[PDB]
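Observations on the three-dimensional arrangement
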Amino acid sequence: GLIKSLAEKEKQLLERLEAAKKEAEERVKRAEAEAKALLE
Amino acid sequence: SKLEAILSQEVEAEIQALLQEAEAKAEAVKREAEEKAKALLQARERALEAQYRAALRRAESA
Amino acid sequence: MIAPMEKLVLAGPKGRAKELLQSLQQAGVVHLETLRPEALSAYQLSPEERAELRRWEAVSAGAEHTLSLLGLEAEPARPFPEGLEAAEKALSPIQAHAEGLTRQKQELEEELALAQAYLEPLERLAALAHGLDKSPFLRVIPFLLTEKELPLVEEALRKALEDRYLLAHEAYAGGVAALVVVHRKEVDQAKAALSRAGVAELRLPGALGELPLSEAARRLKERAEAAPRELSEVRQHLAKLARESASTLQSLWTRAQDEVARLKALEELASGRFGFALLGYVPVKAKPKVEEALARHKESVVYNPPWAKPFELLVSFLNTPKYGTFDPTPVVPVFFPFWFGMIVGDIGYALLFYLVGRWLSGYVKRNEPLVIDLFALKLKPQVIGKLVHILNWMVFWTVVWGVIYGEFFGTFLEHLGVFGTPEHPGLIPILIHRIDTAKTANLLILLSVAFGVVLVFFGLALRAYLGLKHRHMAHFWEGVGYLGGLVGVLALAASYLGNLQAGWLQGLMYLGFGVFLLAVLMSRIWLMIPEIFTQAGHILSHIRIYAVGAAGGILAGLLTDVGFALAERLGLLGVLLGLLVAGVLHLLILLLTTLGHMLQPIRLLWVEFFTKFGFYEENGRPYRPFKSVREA
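What comes next is a walk through the structure. (Residues numbered from 1 in each chain as written, not as in the entry; some residues may be left out. Chains lettered and ligands numbered in written order. Part of a larger assembly, values for the part shown. Heavy atoms only, no water. Residues with missing side-chain atoms left out of burial classes, pairs and counts.)

1. Overview of the overall build of chain B
Looking only at helices and strands, one finds 1 helix and 0 strands in chain B. Over its C-alpha atoms, taken along the principal directions, chain B stretches across nearly 95 × 5 × 5 Å. (Helix = DSSP H or I, 4+ residues; strand = E, 2+ residues; numbered from the N terminus.)

2. Digging into the overall build of chain A
Along chain A, the regular secondary structure elements total 1 helix and 0 strands. Expressed as lengths along the three principal axes of its C-alpha atoms, the size of chain A is roughly 60 × 5 × 5 Å.

3. So, helix α3 (residues 84-129) of chain C
All names here are of chain C. Across its 46 residues, α3 extends 64 Å between first and last C-alpha, which sits within 8% of the 68 Å expected from 1.5 Å per residue. The largest bend in α3 is about 35 degrees, located at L119, with the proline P121 one to four residues further on. One or two steps after α3, the chain reaches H130, where phi turns positive at roughly 40 degrees. (Expected span 1.5 Å × (residues − 1). Bend = angle between axes of the 7 residues up to and from the residue.)

4. Comments concerning the sheet that holds strand β5 (residues 176-183) of chain C
All names here are of chain C. Spatially, 3 strands are ordered β3-β5-β4 in an open sheet, and the strand pairing comes out antiparallel. Of all the strands in the sheet, the pair left with one neighbour each is β3 (138-145) and β4 (166-171). Mean inter-strand twist for the sheet, computed between neighbouring axes without regard to direction, equals 20 degrees. (Pairing = 2+ DSSP bridges. Axes fitted to C-alpha atoms, helices over the stretch in contact; angles between N-to-C directions.)

5. Examining the interface of chain B and chain A
Tallying the contact residues gives 5 residues for chain B and 5 residues for chain A. Among the residues making up the side of chain B that touches chain A, the classes are represented as 4 nonpolar, no polar and 1 charged. (Contact = heavy atoms within 4.5 Å. Nonpolar A, V, L, I, M, F, W, Y, C, P; charged D, E, K, R; others polar.)

6. Some remarks on the sheet that holds strand β8 (residues 299-301) of chain C
Residues and elements named next belong to chain C. Taken in spatial order, the 3 strands line up as β6-β2-β8 in an open sheet, and their pairing is antiparallel. For this open sheet the edge positions go to β6 (277-278) and β8, each flanked by a neighbour on one side alone. In terms of strand pairing, strand β2 (residues 9-11) meets β6 through 2 bridges, oriented antiparallel. Bridging from a neighbouring strand, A11 pairs with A277 of β6.

7. A short note on the environment of C:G12
Residue and element names in this part refer to chain C. The residue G12 is located in the loop between β2 and α1 (14-25) in this model. For the pair formed by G12 and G275, sequence separation is 263 residues and the distance between their alpha carbons is 9.5 Å. With sequence-adjacent residues up to four places away left out, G12 is seen in contact with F276, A277, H297 and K298.

8. What about the packing of helix α14 (residues 438-469) of chain C against helix α15 (residues 473-481) of chain C?
All names here are of chain C. It is at 7 Å that the axes of α14 and α15 come closest, and there the two elements cross at 150 degrees. The orientation of α14 relative to α15 falls into the category roughly antiparallel. In terms of crossing hand, the pair formed by α14 and α15 is left-handed. Here α14 contributes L460, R463, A464, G467 and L468 to the contact with α15, which in turn contributes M473, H475, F476 and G479. Of the residues in the contact of α14 with α15, the class split is 5 nonpolar, 3 polar and 1 charged. (Parallel < 35°, antiparallel > 145°, perpendicular 65-115°, else oblique. Left-handed = near helix turned anticlockwise from the far one by under 90°.)

9. Section: unusual backbone geometry
All names here are of chain C. Looking along the chain, the bond that leaves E33 and enters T34 is cis, with omega of 5 degrees. Mapping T34 onto the fold places it in the loop between α1 and α2 (47-70). Phi at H130 is positive, roughly 40 degrees, even though this residue is not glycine. Here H130 lies in the loop between α3 and β3. In this model, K612 sits at a positive phi of 60 degrees, which is unusual for a non-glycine residue.

Pasting the structure below:
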């Protein structure tokens, strides 16, 4: 039994998706600052 | 083991899709601005000159 | 349709769970369990996957079903791929042809059946009727009545109608096709009158009947006539479809089927990982390597001879572990001497068993359902027949061996080997028996008696290994302790066992031997000690079964002796051919009954099998009965 797998690997994976999303939506928030800025 | 490997195999390509979507979402924000800023400022250049010359003209009419 | 790989299904015991698990895991095989409690909860198949499976079922079934109506089949093999779409498509046109034609054929038969039957009454009524349902001025009511009915029907009609009706009849056979004719307005009374009698207006039911009697009659000639011919065509097409397409039907069918199971296998493992068996999905790359070896414990779906053949099958039951003592496997070599030796016959017994053996191992078409024996053709279950083709050869060897046990046995009659009695006689060898007479007979009596005892000794040895090595202490204590009694048994036995040859090499030896017996039964306490009585009962039984196997055995040889040789009066010569009146007869009867004798070997064995002398069954208890284990 390698047990660990079913409760943990499946978490690791989730948190790899998670982190991607974070920096990502930020690149857009970065572009928002600029979006305001150019009109300003 | 290999079982959970398939669970791995699923996640990595998704990480990249979050990014591709994202990339487009920053760029577009950037590009929405690019045209908009340029297009108003033109109009405000325009407008300011006319709102000048026609006065000076009307002044010439004095 | 899952991610690429061919699904593999195995189930087996706990030991094979492990061996199997290792064999799938290392290569780059995927989604393996038992290897964690449910990370296949993270391999839960999609609804889409369930659907694909669902489609496969429609196709799979459709092939079977269609094959059925068509009247031909297909049988399960080893899985193979085609693509679902191809198979469905393949299944469809044929299913449509066969189905349409099958109905048509059925209809045709019916058309013929009714039309011929109806042909005569409609004709009789028509001949009488000279057209009257044509008319509304007169109305006619046909009805059939037997002449049993005729005075009564006539009275009811008479009572209502008077003479204001015409009752005419011309016979149909066993009765007369009859008409009551009435005027318009009289119709209501006319039907009611027949009904009261119990007869009623008769014509064919439904649309055809309504037609004039004359018209209906014409049609009946035509339908009856038309239908067999027409039937031939519909039947022909069907036959033809079955003939050509059968392989095809099967190939789609097999293909589909392999998917239906395969898909299911995936779903269950997905879902909740089962237990001691083993799942996985195995790639195309991986797939052979894992399968070739199998260690003999599981069940899969992918994607000299006398001693070996049944013995080979016991090997599979050796391999399973689920307990702490040796697995049950001795039985086939315990069986064999007696199996051959049941037949220990004489002239008509052992030495005639041959005719059967070459028939069965070979092919015999002599028989009303048996043709080629390789093909298991039977009025009894066919399926059951195919498997024991292997057996036909091992039985043929038995038939050969029993014949041999005719000349060793026949030592103590005629022949040479331990006795000197004529190597061969002149008239009928085994005219009468040395063994019928007491001294020879007696030796045979004592001979069976020992053999039951021997099977008991083997069992208690196993018993002590069982409770010892399974750590079933109550049982351990029992297997060693029970042996304590025995010396005293031998003591008592001797004064009757040789009578004069022994009895006094031991004596009141019993008094201390009986104490030795009970010592540790009592050490476990055991609030139910008397119960050892029944362990003693088996011994007498073992003896009895062998004894009977012998005595009924002996009896068999002796029927050839009172059936061909000597009996009548004090025993005379011409009895040879007086008995031949009987002689041909005794042979077949004898054959039937000796089959009864061989179930006694097994009856003996059954004593031993569930008596916990290295066994898992104990009136059930997880493991398949022994019943299933020994048969081939």
